[PDB]
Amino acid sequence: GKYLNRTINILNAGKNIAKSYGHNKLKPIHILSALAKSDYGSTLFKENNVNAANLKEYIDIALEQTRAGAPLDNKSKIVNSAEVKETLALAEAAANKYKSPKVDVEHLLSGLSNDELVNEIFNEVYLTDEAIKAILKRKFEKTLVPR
């Protein structure tokens, strides 16, 4: 119970995306795809002035470019890559820093931004590290210091 349910559902949707791209290992780009499609993540991107159509286009190009092969069989086991283990460690660090007891979508977003491919994509849609830090700070202020 270190993760909110909506974050777990994004991670699970990510594993299925990874599987469909022929990967046995979940990579940050698969999680980003799931996050961008999710109800909470999609709202998060639109509030923070990320063009949804452009973001989707860039994510899909990166996904197809990193495709390993045909979709794996439905029962194949997907595990976290070393990259994703770092994503989750960084997400957990971010949630802890901003006093969120469980990792929320914003904290996962921050963790994903450390991946080189995700970072390039964010650069192309104007989502700076400064902007992501602002998302986390504002979440802290709004939730724990409401006016």
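Residue numbers run from 1 along the displayed sequence.
- When the two stretches 5-13 and 120-128 are set side by side, the higher mean Cα temperature factor goes to 5-13.
- Relative to one another, 101-109 and 26-34 have unequal mean CA B-factors, and 101-109 is the one with the higher figure.
- When the CA B factors of the chain's modelled residues are split into thirds, the value for residue 55 lands in the lowest one.
- For residue 82, the recorded CA B-factor ranks within the highest third of the chain. Only modelled residues enter the ranking.
- Looking at the C-alpha B-factors along this chain, the one for residue 91 belongs to the lowest third.
- Sorting the modelled residues of the chain by their CA temperature factor places residue 68 in the highest third.
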